[PDB]
Structures are given as C-alpha cells and as structure tokens.
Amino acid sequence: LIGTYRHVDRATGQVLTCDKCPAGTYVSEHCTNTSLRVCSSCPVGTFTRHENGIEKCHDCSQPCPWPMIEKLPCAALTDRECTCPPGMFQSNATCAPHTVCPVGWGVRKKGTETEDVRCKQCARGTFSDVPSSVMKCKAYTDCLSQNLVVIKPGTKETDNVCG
C-alpha cells in the first residue's frame, strides 16, 4: 500500500527499495537487507505533508503576525496557516475590519478573510434597520398576506407598519 524509495546502504553500497514513511513522520532508520526501515513522528515544530523517505521533517513557518491568527496549526502533517480573524479581511499587508453597512443598506456579498463586505442600498420592499457587516436587507412584513393594510409605509431603514 504505502510507497517505496531507493536507498544506498552505507555499509554495503547495496541499493535498496525501502518503504516510505507516512505523512506526519520521517525515516529515523533506513531499511537494510535484513531490517525494515523505521519511522518516527515529526517533532513539535515540524511536519511532512506526504509519504516520504526523508531524514528530517520540515520546520513550520514562523508564528502568525498579530492580528493574524492560525486557521491551521503547526502539526505533524501541516505547516501552520495564518489568516485575518473573523470580522476582518487581508488589506495592504495587514488586517482591516469589514465594512459596516449602515441602516438603509445591507450586505450584498459576504465579507471573507481576503475580501471586504460588499454593501448595497436596500431595494424597494426591503429594509435594514441596524448598522451591520453581516445582515442583509429584510423584506417588509406582508400586510395583505395577514389580511391587514399598510397603515404606515416602510422605508429602506424600517419595516412597513401593518394594520
């Protein structure tokens, strides 16, 4: 199942086909004609992403620069991965809070760790009564569908009042 790699045995010069070691480990001892290769777990701070025949694991990258945080840790199988925290997006070599769409506007495109929120003015029939970087405009309460009349029209900031 697991792959193999060729190794020149030091003592004999024999070219051997040894078993690769699984990701998360490295070869602490190559095979010989009479012994299986031995694998060991990557020490803290290092990793290997695939089956390998290497003698040392790779060092993880440096700690994330604040305000960036880890979305993946430095672990036996993975190098740490950094990202702007939720509510922020990667901007000019750093992190910036997402745009807050004001009342009368709503989120058109959700903000991510690399792209800012996209706001749009609430379309007729919808409203947003709170400042927010996540909420979309909401549809008016349907008066008719409640056998009521609109006693007070809504705006892009407020729901219509039914009665």
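The numbering used is simple: start at 1 and walk along the sequence shown.
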Quiz prompt | Segment of higher mean CA temperature factor, 62-70 or 27-35 | solution = 62-70
Exercise. Could you settle it for me: does 113-121 or 91-99 have the higher average Cα B factor in the PDB entry?
Key: 91-99
Quiz item: Split the chain's modelled residues into thirds by Cα B-factor; is residue 129 in the lowest, middle or highest one?
Solution: lowest
Quiz item: Split the chain's modelled residues into thirds by Cα B-factor; is residue 160 in the lowest, middle or highest one?
Solution: highest
Exercise. Could you tell me which third, lowest, middle or highest, the C-alpha B-factor of residue 22 occupies within its chain?
Key: middle
